[PDB]
Amino acid sequence: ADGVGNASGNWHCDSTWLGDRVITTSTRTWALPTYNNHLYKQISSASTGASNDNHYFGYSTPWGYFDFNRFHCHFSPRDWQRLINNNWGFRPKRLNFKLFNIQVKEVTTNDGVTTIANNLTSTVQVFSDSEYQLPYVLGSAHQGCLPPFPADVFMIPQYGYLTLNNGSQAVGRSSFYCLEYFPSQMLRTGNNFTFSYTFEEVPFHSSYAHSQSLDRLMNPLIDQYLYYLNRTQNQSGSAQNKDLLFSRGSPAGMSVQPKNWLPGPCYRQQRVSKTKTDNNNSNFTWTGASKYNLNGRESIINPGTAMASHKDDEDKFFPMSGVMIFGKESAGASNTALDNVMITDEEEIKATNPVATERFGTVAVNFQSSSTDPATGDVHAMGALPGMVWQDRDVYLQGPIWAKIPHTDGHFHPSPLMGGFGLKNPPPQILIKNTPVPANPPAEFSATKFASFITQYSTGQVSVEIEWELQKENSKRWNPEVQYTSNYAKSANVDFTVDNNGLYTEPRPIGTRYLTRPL
Amino acid sequence: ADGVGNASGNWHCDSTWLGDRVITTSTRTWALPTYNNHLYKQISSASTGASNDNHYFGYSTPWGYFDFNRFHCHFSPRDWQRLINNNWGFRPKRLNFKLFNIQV
Amino acid sequence: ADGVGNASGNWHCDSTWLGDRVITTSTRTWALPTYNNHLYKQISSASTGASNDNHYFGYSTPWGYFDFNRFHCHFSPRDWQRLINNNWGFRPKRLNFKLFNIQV
Amino acid sequence: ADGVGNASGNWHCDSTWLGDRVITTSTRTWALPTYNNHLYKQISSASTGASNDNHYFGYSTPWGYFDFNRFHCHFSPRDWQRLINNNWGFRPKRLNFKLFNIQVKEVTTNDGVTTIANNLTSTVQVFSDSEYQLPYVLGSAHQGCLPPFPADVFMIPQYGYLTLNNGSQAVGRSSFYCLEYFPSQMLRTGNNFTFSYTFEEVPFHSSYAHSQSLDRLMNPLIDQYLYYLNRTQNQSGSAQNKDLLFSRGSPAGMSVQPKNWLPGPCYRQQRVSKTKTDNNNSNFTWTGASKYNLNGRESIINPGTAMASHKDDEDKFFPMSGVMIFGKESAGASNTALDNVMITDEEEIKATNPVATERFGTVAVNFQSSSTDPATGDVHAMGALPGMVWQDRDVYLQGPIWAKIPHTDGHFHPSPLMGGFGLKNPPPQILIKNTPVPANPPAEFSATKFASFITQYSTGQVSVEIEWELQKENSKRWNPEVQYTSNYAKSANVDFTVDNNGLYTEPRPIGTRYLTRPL
């Protein structure tokens with residue numbers, strides 16, 4: 001508790017590298033409006049003309065929420081470079097969150113003159129949902145996270161959620177949540193808020209590419225002792241006669257050579273070229289999409305199973321729904337051109353992972369015999385097989401960090417498909433609201449609910465501190481690695497900087513996979 | 001006692017079920033007008049044309065009062081469901097009341 | 001060990017709800033015939049005209065066996081209601097089995 | 001635990017008078033059949049042609065139950081005489097119950113030859129319902145109690161109960177109870193059963209009559225200092241003129257004299273003569289009955305409010321539904337003659353209690369004036385008024401002892417209307433059943449329930465021990481009391497004895513009220 005004239009916190013944006021730990025700290029200044037005029041609202045797809053696939057039922061809330069779940073909320077571009085060039089992995093360890101220097105301001109409008117003044121006795125309400133009792137809205141990759149650039153002031157997003165829906169209607173099993181029915185701390189201008197959080201144990205994200213591929217793991221100099229069936233008919237000179245001929249795995253035959261392992265799972269997606277003229281002329285984004293069917297309602301699979309974006313020298317192709325796509329600062333919200341988006345490239349994992357736009361392989365579909373020819377078929381979707389190995393999708397400086405693992409009877413490899421760390425108990429949602437301040441009530445009692453309030457909003461600073469654990473690179477590789485680097489040549493701007501108007505931009509996505517490891 | 005810039009209380013709305021006890025807590029925000037221009041007034045049914053059965057004599061007061069005496073002031077609908085489906089009875093035991101974050 | 005005239009056990013059918021535990025107890029009366037005239041028998045699908053999908057080979061035994069593996073062996077309908085309306089989950093913990101009051 | 005050849009208990013029938021306590025002990029021999037072929041059955045008034053007032057829904061049970069709730073189960077006639085001649089009151093204190101010397105017998109029938117043999121390995125099941133979790137069937141005055149005469153062997157009655165009914169149907173709120181879903185002790189022929197019980201604190205039953213009446217409590221020699229309005233018109237000689245004249249209460253005026261107390265509550269019932277020729281010619285037992293209306297279903301009030309059976313020298317009249325009526329041993333079940341029943345007489349309580357067949361009194365029904373005459377009306381039913389005093393109904397040697405007070409939000413003077421001690425926690429129901437013994441099962445498994453059992457039944461001895469507390473008579477009365485006595489004159493039989501065929505009979509009801517007390 002502080003008075004009116006004492007600051008309740010200090011600005012801390014820093015990055016500290018010690019041993020196998022790096023600690024990031026970021027401070028931003030925020031602004032919180034009143035949402036929904038202090039009301040909870042039933043929201044629905046009703047009377048929107050929505051397709052069956054787009055129906056929803058839910059509620060909008062008066063509350064806002066803090067979202068720091070993206071990597072540029074924490075690492076600067078230089079810091080991200082230090083991470084990805086020097087480290088085979090990393091994971092989050094613990095978390096510290098602070099709200100301070102609260103200012104609540106009332107807004108008065110007379111004629112066209114808006115006047116803003118301090119309201120020193122008003123409060124804001126803050127609580128974290130530590131027991132995960134609310135619908136968890138983080139991890140859907142929503143905008144409204146802390147800005148990448150520390151000098152930018154950001155608006156706090158409005159909290160809302162969805163429940164079970166049949167069309168645009170609800171079901172008796174649908175849940176409604178009042179956030180005023182949790183406890184929350186109330187803060188005047190001298191108060192501050194804090195809590196800490198510990199990440200559970202998670203695997204290090206793999207920041208590296210394999211320097212080998214699954215099908216190349218053999219000694220190139222040595223034969224095997226295993227035999228395979230090489231030929232079902234002998235050549236002779238006269239005519240082809242049925243025969244059974246066997247060869248042992250040799251270096252000339254690496255493709256037919258027996259192996260211990262299989263590539264990872266595959267769900268095939270449509271291939272689309274970054275050159276317009278190569279693609280079919282039609283709108284196939286929905287009709288040609290890889291989709292799943294849930295309760296008679298289709299949803300595009302995206303980004304889907306972790307798969308290589310393209311094979312060698314096909315770089316102009318990308319999976320239609322299968323890659324993370326970031327917008328530039330010049331991108332519009334809908335139907336923006338290719339030059340305004342940044343399409344990530346998952347190419348590093350083609351060592352262990354199927355290419356996203358190709359079949360997993362071929363299977364025998366029949367019994368051959370002297371009468372009937374052997375037939376095969378393509379496998380476009382392949383589930384887990386014993387012996388499969390795969391890499392998870394890479395993360396990105398502007399991509400998400402964690403997702404909440406759904407609470408369910410069963411999981412298979414619960415790594416979030418957009419990338420990052422799947423968490424049973426993720427960092428909790430932090431909810432904030434301006435406390436309603438009634439206007440002058442009438443002189444005689446009325447039992448009707450107050451609709452009349454003093455217009456106000458709030459602003460302050462927020463700090464997030466995350467400790468990260470690093471996995472060091474042990475390699476015996478003789479030759480130099482690939483590194484992320486900035487271009488040394490001259491240019492009009494510097495990457496990851498403001499322009500002459502003050503606009504901070506991010507030139508490109510930066511993944512984590514540069515250093516290499518044997519497979 | 002707090003200053004101008006310090007909150008004097010926190011929002012608490014909760015329901016805790018422990019053993020044979022349930023504890024309800026509810027927080028609301030209120031607004032208090034000035035009543036009667038700070039005056040006490042004799043009030044009556046006089047000159048109302050009231051029937052004999054409706055006559056009254058009394059006073060209106062400048063004061064307001066807090067009334068929490070209804071069950072939905074305390075139990076949410078879900079909480080009320082937990083009570084009535086699982087229990088043969090219940091009674092109130094103790095009470096705690098707080099006013100805070102005053103703004104005039 | 002008891003004599004001819006002493007009961008070797010008491011009837012216990014009950015359900016006890018304590019905290020996060022519920023303990024079910026069920027007592028039934030059973031009858032055991034002699035099976036197969038005390039013989040083991042090779043049994044097979046042979047000479048049954050069975051389809052290939054229905055073939056089998058095995059043995060029938062003179063023995064009987066106790067099977068309590070169903071939920072109504074334990075929970076009454078009311079008890080099942082208490083479970084499913086109030087609880088997000090449940091699992092079995094430990095088991096106790098008794099045979100008594102044998103009459104041949 | 002005993003073997004086959006050892007008795008598990010001894011015969012105890014005794015009465016011990018010590019100080020202010022009397023302890024009764026009674027042993028009887030019982031026989032328990034198999035009921036319902038080991039089945040629970042839904043029972044209903046459906047297809048009985050029942051009137052709406054007689055509909056019911058319920059269940060019959062395989063179990064039997066022990067009922068000792070009558071006074072002759074405990075007191076001999078001589079013991080009852082000692083109680084009622086010497087004591088102003090008494091109440092039950094504690095209870096001891098024992099089952100022992102169990103014999104289970106199997107019955108085999110071939111041709112017309114029934115053969116009975118011991119089954120030494122069979123059991124009976126016994127439990128008391130201590131937590132009152134079953135519908136409490138005691139206290140409805142059912143037959144099947146221990147016989148009055150210790151040498152009589154009695155059959156155990158079958159347990160059954162009713163639940164909510166709409167007509168002959170049930171309601172989703174109706175309860176079904178399986179008695180096998182309680183724990184119970186299983187008893188072979190060497191086993192025995194016991195438990196003890198403590199009565200709660202209850203008032204002494206009042207065994208006495210008042211030697212005064214409410215309206216006679218004044219000093220007959222002395223005037224009052226209070227005045228009453230004696231006359232509203234003066235006599236003069238010429239004509240009656242309006243006047244207000246006041247007199248003070250005197251001994252000549254005891255009826256108009258101010259008093260502190262009122263007689264007890266009244267619900268009037270129809271008067272019927274023990275001489276046929278006096279009564280109206282019609283069947284008025286239902287149409288002229290005092291009845292209550294519960295859920296659109298009528299029930300005769302009986303015996304109803306405690307009231308005097310008749311006034312002075314009207315002894316030939318009795319309340320139609322308002323007295324306890326016992327049958328003689330020669331009585332049939334339905335439409336038996338007056339000579340086969342014994343009608344109790346509640347006459348002793350006319351000191352404080354209204355006569356059952358008369359109005360409670362008169363009330364002013366209007367405003368009198370010079371124009372309109374004062375009018376009154378009769379009060380045939382009067383609820384509790386402040387200042388009322390009353391006596392409860394008397395008990396009887398062959399009448400009931402206790403009833404269970406219904407578990408409800410409210411009560412008014414919860415004394416059972418048939419007489420005796422109202423108990424929140426009465427002596428528990430004691431339930432007994434022969435354990436089913438399957439016959440030979442088939443040689444191949446069937447999942448169908450066994451319908452085939454060895455026919456058997458059981459027999460044994462039961463002991464009940466009750467300690468009673470006595471309230472001694474303190475009277476200063478000079479002249480001799482009324483006492484219960486046997487007639488000294490010769491006769492063909494002795495009262496309360498067996499006849500030459502061995503049939504024990506009870507010549508008459510014996511109440512408790514002989515000694516007197518001032519009011």
# chains A, B, ... in the order shown; residues from 1 in each chain; ligands from 1
>>> interface_residues(of="chain D", to="chain C", cutoff="9 Å", atoms="only C-alpha atoms", output="JSON, numbers by chain")
{"D": [1, 2, 3, 4, 5, 120, 121, 122, 123, 125, 180, 181, 182, 183, 184, 185, 186, 187, 188, 189, 190, 191, 435, 436, 437, 438, 439, 440, 441, 442, 443, 444, 445, 450]}
>>> write_last_selection(atoms="C-alpha atoms", output="mmCIF file, in the first residue's frame")
data_model
loop_
_atom_site.group_PDB
_atom_site.id
_atom_site.type_symbol
_atom_site.label_atom_id
_atom_site.label_comp_id
_atom_site.auth_asym_id
_atom_site.auth_seq_id
_atom_site.Cartn_x
_atom_site.Cartn_y
_atom_site.Cartn_z
ATOM 1 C CA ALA D 1 -22.073 -69.388 20.421
ATOM 2 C CA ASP D 2 -23.232 -72.807 21.601
ATOM 3 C CA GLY D 3 -23.324 -76.210 19.997
ATOM 4 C CA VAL D 4 -26.308 -78.270 18.965
ATOM 5 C CA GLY D 5 -26.776 -79.765 22.416
ATOM 6 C CA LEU D 120 -28.976 -77.856 11.979
ATOM 7 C CA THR D 121 -27.011 -75.710 9.529
ATOM 8 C CA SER D 122 -29.772 -73.257 8.581
ATOM 9 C CA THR D 123 -29.841 -69.710 9.905
ATOM 10 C CA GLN D 125 -31.400 -63.303 10.280
ATOM 11 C CA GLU D 180 -31.428 -57.341 3.102
ATOM 12 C CA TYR D 181 -29.642 -54.058 2.540
ATOM 13 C CA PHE D 182 -29.206 -53.626 6.266
ATOM 14 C CA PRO D 183 -26.620 -55.575 8.252
ATOM 15 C CA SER D 184 -28.086 -58.430 10.246
ATOM 16 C CA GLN D 185 -26.851 -61.161 12.541
ATOM 17 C CA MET D 186 -27.181 -64.703 11.213
ATOM 18 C CA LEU D 187 -28.031 -67.343 13.794
ATOM 19 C CA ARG D 188 -27.692 -71.079 13.698
ATOM 20 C CA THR D 189 -29.279 -73.219 16.378
ATOM 21 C CA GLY D 190 -26.529 -72.452 18.885
ATOM 22 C CA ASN D 191 -26.520 -68.685 18.391
ATOM 23 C CA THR D 435 -32.577 -67.452 5.481
ATOM 24 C CA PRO D 436 -33.424 -68.940 2.070
ATOM 25 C CA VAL D 437 -32.085 -72.438 1.457
ATOM 26 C CA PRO D 438 -32.043 -73.314 -2.257
ATOM 27 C CA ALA D 439 -33.173 -76.707 -3.432
ATOM 28 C CA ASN D 440 -30.977 -78.725 -5.761
ATOM 29 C CA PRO D 441 -29.924 -76.560 -8.724
ATOM 30 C CA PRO D 442 -29.827 -77.853 -12.305
ATOM 31 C CA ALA D 443 -26.677 -79.449 -13.649
ATOM 32 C CA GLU D 444 -26.104 -76.685 -16.221
ATOM 33 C CA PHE D 445 -25.803 -73.026 -15.307
ATOM 34 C CA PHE D 450 -33.794 -69.377 -8.040
#
>>> interface_residues(of="chain B", to="chain C", cutoff="9 Å", atoms="only C-alpha atoms", output="PDB file with N, CA, C and O atoms, in the first residue's frame")
ATOM      1  N   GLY B  19     -17.366 -30.358   5.111  1.00  0.00           N
ATOM      2  CA  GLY B  19     -18.058 -31.212   6.059  1.00  0.00           C
ATOM      3  C   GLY B  19     -19.540 -30.913   6.078  1.00  0.00           C
ATOM      4  O   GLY B  19     -20.220 -30.949   5.051  1.00  0.00           O
ATOM      5  N   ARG B  82     -26.852 -27.803  -4.964  1.00  0.00           N
ATOM      6  CA  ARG B  82     -26.059 -28.661  -4.094  1.00  0.00           C
ATOM      7  C   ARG B  82     -26.711 -28.809  -2.736  1.00  0.00           C
ATOM      8  O   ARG B  82     -26.738 -29.904  -2.169  1.00  0.00           O
ATOM      9  N   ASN B  86     -28.700 -32.660  -1.717  1.00  0.00           N
ATOM     10  CA  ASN B  86     -27.894 -33.487  -0.844  1.00  0.00           C
ATOM     11  C   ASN B  86     -28.218 -33.445   0.640  1.00  0.00           C
ATOM     12  O   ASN B  86     -27.586 -34.174   1.402  1.00  0.00           O
TER      13      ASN B  86
END
>>> atom_distance(atom1="CA of residue 84 (chain C)", atom2="CA of residue 71 (chain C)")
12.5 Å
>>> residues_around(residues="residue 252 (chain D)", least_positions_apart="6", cutoff="12 Å", atoms="only C-alpha atoms", output="PyMOL selection string")
chain D and resi 218-224
>>> write_last_selection(atoms="C-alpha atoms", output="PDB file, in the first residue's frame")
ATOM      1  CA  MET D 218     -63.320 -21.948  44.621  1.00  0.00           C
ATOM      2  CA  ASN D 219     -63.863 -21.673  48.367  1.00  0.00           C
ATOM      3  CA  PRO D 220     -67.570 -22.467  48.832  1.00  0.00           C
ATOM      4  CA  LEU D 221     -67.757 -20.272  51.937  1.00  0.00           C
ATOM      5  CA  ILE D 222     -66.432 -16.923  50.702  1.00  0.00           C
ATOM      6  CA  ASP D 223     -67.490 -14.251  48.233  1.00  0.00           C
ATOM      7  CA  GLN D 224     -65.190 -12.904  45.587  1.00  0.00           C
TER       8      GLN D 224
END
>>> select_by_dssp(residues="chain C", states="alpha helix (DSSP H)", output="PDB file with C-alpha atoms, in the first residue's frame")
ATOM      1  CA  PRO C  77     -29.597 -47.346  -7.596  1.00  0.00           C
ATOM      2  CA  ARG C  78     -29.811 -44.621  -4.947  1.00  0.00           C
ATOM      3  CA  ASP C  79     -26.107 -45.050  -4.178  1.00  0.00           C
ATOM      4  CA  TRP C  80     -25.328 -44.832  -7.874  1.00  0.00           C
ATOM      5  CA  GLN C  81     -27.293 -41.582  -7.977  1.00  0.00           C
ATOM      6  CA  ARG C  82     -25.278 -40.133  -5.097  1.00  0.00           C
ATOM      7  CA  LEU C  83     -22.089 -41.058  -6.919  1.00  0.00           C
ATOM      8  CA  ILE C  84     -22.924 -39.643 -10.332  1.00  0.00           C
ATOM      9  CA  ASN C  85     -24.597 -36.416  -9.243  1.00  0.00           C
ATOM     10  CA  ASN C  86     -21.909 -35.338  -6.795  1.00  0.00           C
TER      11      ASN C  86
END
>>> atom_distance(atom1="CA of residue 284 (chain D)", atom2="CA of residue 271 (chain D)")
11.0 Å
>>> atom_distance(atom1="CA of residue 51 (chain A)", atom2="CA of residue 170 (chain A)")
16.6 Å
>>> select_by_dssp(residues="region 22-266 of chain A", states="strand (DSSP E or B)", output="PDB file with C-alpha atoms, in the first residue's frame")
ATOM      1  CA  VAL A  22      18.420 -17.010 -18.879  1.00  0.00           C
ATOM      2  CA  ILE A  23      15.972 -14.729 -17.091  1.00  0.00           C
ATOM      3  CA  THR A  24      13.834 -12.391 -19.168  1.00  0.00           C
ATOM      4  CA  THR A  25      11.968  -9.450 -17.679  1.00  0.00           C
ATOM      5  CA  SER A  26       9.615  -7.202 -19.600  1.00  0.00           C
ATOM      6  CA  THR A  27       7.611  -4.183 -18.494  1.00  0.00           C
ATOM      7  CA  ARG A  28       4.829  -2.659 -20.563  1.00  0.00           C
ATOM      8  CA  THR A  29       2.299   0.082 -19.996  1.00  0.00           C
ATOM      9  CA  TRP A  30      -1.344  -0.872 -20.461  1.00  0.00           C
ATOM     10  CA  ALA A  31      -4.765   0.736 -20.768  1.00  0.00           C
ATOM     11  CA  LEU A  32      -8.004  -0.901 -19.626  1.00  0.00           C
ATOM     12  CA  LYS A  41     -23.816 -10.641 -22.369  1.00  0.00           C
ATOM     13  CA  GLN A  42     -25.024 -13.821 -23.972  1.00  0.00           C
ATOM     14  CA  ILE A  43     -23.372 -13.959 -27.385  1.00  0.00           C
ATOM     15  CA  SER A  44     -24.235 -16.334 -30.179  1.00  0.00           C
ATOM     16  CA  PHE A  57     -22.835 -19.947 -28.105  1.00  0.00           C
ATOM     17  CA  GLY A  58     -21.137 -18.140 -25.272  1.00  0.00           C
ATOM     18  CA  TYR A  59     -20.747 -15.070 -23.135  1.00  0.00           C
ATOM     19  CA  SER A  60     -18.890 -11.795 -23.246  1.00  0.00           C
ATOM     20  CA  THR A  61     -17.577 -10.539 -19.934  1.00  0.00           C
ATOM     21  CA  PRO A  62     -16.910  -7.079 -18.468  1.00  0.00           C
ATOM     22  CA  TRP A  63     -13.392  -8.268 -17.587  1.00  0.00           C
ATOM     23  CA  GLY A  64     -10.107  -7.927 -19.406  1.00  0.00           C
ATOM     24  CA  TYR A  65      -7.167 -10.269 -19.229  1.00  0.00           C
ATOM     25  CA  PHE A  66      -3.396 -10.217 -19.547  1.00  0.00           C
ATOM     26  CA  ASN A  87      21.623 -23.882 -27.501  1.00  0.00           C
ATOM     27  CA  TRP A  88      20.162 -27.275 -28.306  1.00  0.00           C
ATOM     28  CA  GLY A  89      17.082 -26.633 -26.198  1.00  0.00           C
ATOM     29  CA  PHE A  90      15.303 -24.589 -23.587  1.00  0.00           C
ATOM     30  CA  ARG A  91      12.165 -24.663 -21.471  1.00  0.00           C
ATOM     31  CA  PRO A  92      10.334 -22.316 -19.101  1.00  0.00           C
ATOM     32  CA  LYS A  93      10.960 -22.806 -15.381  1.00  0.00           C
ATOM     33  CA  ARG A  94       9.237 -20.193 -13.227  1.00  0.00           C
ATOM     34  CA  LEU A  95       7.235 -17.023 -13.650  1.00  0.00           C
ATOM     35  CA  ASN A  96       6.737 -13.735 -11.829  1.00  0.00           C
ATOM     36  CA  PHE A  97       3.952 -11.264 -12.618  1.00  0.00           C
ATOM     37  CA  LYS A  98       3.364  -7.750 -11.291  1.00  0.00           C
ATOM     38  CA  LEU A  99       0.823  -4.966 -11.755  1.00  0.00           C
ATOM     39  CA  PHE A 100       1.650  -1.560 -10.326  1.00  0.00           C
ATOM     40  CA  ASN A 101       1.408   2.215 -10.772  1.00  0.00           C
ATOM     41  CA  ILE A 102      -2.350   2.016 -11.227  1.00  0.00           C
ATOM     42  CA  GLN A 103      -4.102   5.153 -12.454  1.00  0.00           C
ATOM     43  CA  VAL A 104      -7.885   5.231 -12.720  1.00  0.00           C
ATOM     44  CA  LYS A 105      -9.229   8.109 -14.790  1.00  0.00           C
ATOM     45  CA  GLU A 106     -12.772   9.376 -15.252  1.00  0.00           C
ATOM     46  CA  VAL A 107     -13.938  10.742 -18.599  1.00  0.00           C
ATOM     47  CA  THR A 108     -16.480  13.552 -18.897  1.00  0.00           C
ATOM     48  CA  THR A 109     -17.946  14.835 -22.160  1.00  0.00           C
ATOM     49  CA  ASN A 110     -19.748  18.162 -22.552  1.00  0.00           C
ATOM     50  CA  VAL A 113     -15.147  18.477 -25.261  1.00  0.00           C
ATOM     51  CA  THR A 114     -13.814  15.322 -23.622  1.00  0.00           C
ATOM     52  CA  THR A 115     -12.193  15.955 -20.243  1.00  0.00           C
ATOM     53  CA  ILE A 116     -10.050  13.392 -18.420  1.00  0.00           C
ATOM     54  CA  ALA A 117      -9.315  13.611 -14.698  1.00  0.00           C
ATOM     55  CA  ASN A 118      -7.880  11.401 -11.993  1.00  0.00           C
ATOM     56  CA  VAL A 124      -9.571  -2.023 -10.352  1.00  0.00           C
ATOM     57  CA  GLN A 125     -10.148  -5.690  -9.566  1.00  0.00           C
ATOM     58  CA  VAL A 126      -7.554  -8.347 -10.310  1.00  0.00           C
ATOM     59  CA  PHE A 127      -7.400 -12.060  -9.769  1.00  0.00           C
ATOM     60  CA  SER A 128      -5.594 -14.984 -11.297  1.00  0.00           C
ATOM     61  CA  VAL A 153       1.413   0.942 -25.082  1.00  0.00           C
ATOM     62  CA  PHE A 154      -1.140  -1.817 -25.483  1.00  0.00           C
ATOM     63  CA  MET A 155      -4.852  -2.146 -24.887  1.00  0.00           C
ATOM     64  CA  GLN A 158     -11.832  -8.326 -23.412  1.00  0.00           C
ATOM     65  CA  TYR A 159     -12.383 -11.734 -21.859  1.00  0.00           C
ATOM     66  CA  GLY A 160     -15.024 -14.010 -23.317  1.00  0.00           C
ATOM     67  CA  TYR A 161     -15.680 -17.700 -23.658  1.00  0.00           C
ATOM     68  CA  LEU A 162     -17.754 -20.320 -25.430  1.00  0.00           C
ATOM     69  CA  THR A 163     -19.699 -23.308 -24.155  1.00  0.00           C
ATOM     70  CA  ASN A 166     -26.342 -26.889 -30.798  1.00  0.00           C
ATOM     71  CA  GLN A 169     -28.641 -22.438 -29.244  1.00  0.00           C
ATOM     72  CA  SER A 184     -10.320 -10.627  -6.352  1.00  0.00           C
ATOM     73  CA  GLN A 185      -7.985  -7.967  -5.036  1.00  0.00           C
ATOM     74  CA  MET A 186      -9.238  -4.394  -5.308  1.00  0.00           C
ATOM     75  CA  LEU A 187      -6.594  -1.790  -6.074  1.00  0.00           C
ATOM     76  CA  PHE A 193      -0.650  -6.812  -7.463  1.00  0.00           C
ATOM     77  CA  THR A 194       1.750  -9.731  -7.751  1.00  0.00           C
ATOM     78  CA  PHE A 195       1.919 -13.494  -7.921  1.00  0.00           C
ATOM     79  CA  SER A 196       4.436 -16.135  -8.876  1.00  0.00           C
ATOM     80  CA  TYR A 197       4.110 -19.378 -10.806  1.00  0.00           C
ATOM     81  CA  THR A 198       6.210 -22.488 -11.340  1.00  0.00           C
ATOM     82  CA  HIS A 205      12.036 -27.782 -26.950  1.00  0.00           C
ATOM     83  CA  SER A 206      14.404 -29.114 -29.543  1.00  0.00           C
ATOM     84  CA  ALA A 209      18.159 -29.911 -36.837  1.00  0.00           C
ATOM     85  CA  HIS A 210      19.346 -33.432 -37.341  1.00  0.00           C
ATOM     86  CA  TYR A 227      18.857 -60.544 -46.975  1.00  0.00           C
ATOM     87  CA  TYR A 228      15.874 -59.129 -48.810  1.00  0.00           C
ATOM     88  CA  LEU A 229      13.972 -60.429 -51.796  1.00  0.00           C
ATOM     89  CA  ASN A 230      15.547 -58.656 -54.759  1.00  0.00           C
ATOM     90  CA  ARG A 231      13.830 -60.189 -57.795  1.00  0.00           C
ATOM     91  CA  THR A 232      10.711 -62.232 -58.448  1.00  0.00           C
ATOM     92  CA  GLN A 233      11.753 -63.065 -62.006  1.00  0.00           C
ATOM     93  CA  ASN A 234      15.159 -63.948 -63.393  1.00  0.00           C
ATOM     94  CA  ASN A 241      10.762 -66.788 -65.677  1.00  0.00           C
ATOM     95  CA  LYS A 242       9.372 -66.774 -62.157  1.00  0.00           C
ATOM     96  CA  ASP A 243      12.152 -66.912 -59.598  1.00  0.00           C
ATOM     97  CA  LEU A 244      13.045 -66.024 -56.016  1.00  0.00           C
ATOM     98  CA  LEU A 245      16.370 -64.211 -55.743  1.00  0.00           C
ATOM     99  CA  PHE A 246      17.800 -62.666 -52.602  1.00  0.00           C
ATOM    100  CA  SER A 247      20.411 -59.997 -51.987  1.00  0.00           C
ATOM    101  CA  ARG A 248      21.992 -58.755 -48.808  1.00  0.00           C
ATOM    102  CA  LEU A 262       9.759 -45.447 -39.328  1.00  0.00           C
ATOM    103  CA  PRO A 263       9.052 -41.776 -40.052  1.00  0.00           C
ATOM    104  CA  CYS A 266       1.259 -38.173 -41.518  1.00  0.00           C
TER     105      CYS A 266
END
>>> closest_residue(among="D:416, D:406, D:507, D:33", to="residue 306 (chain D)", atoms="only C-alpha atoms")
D:416
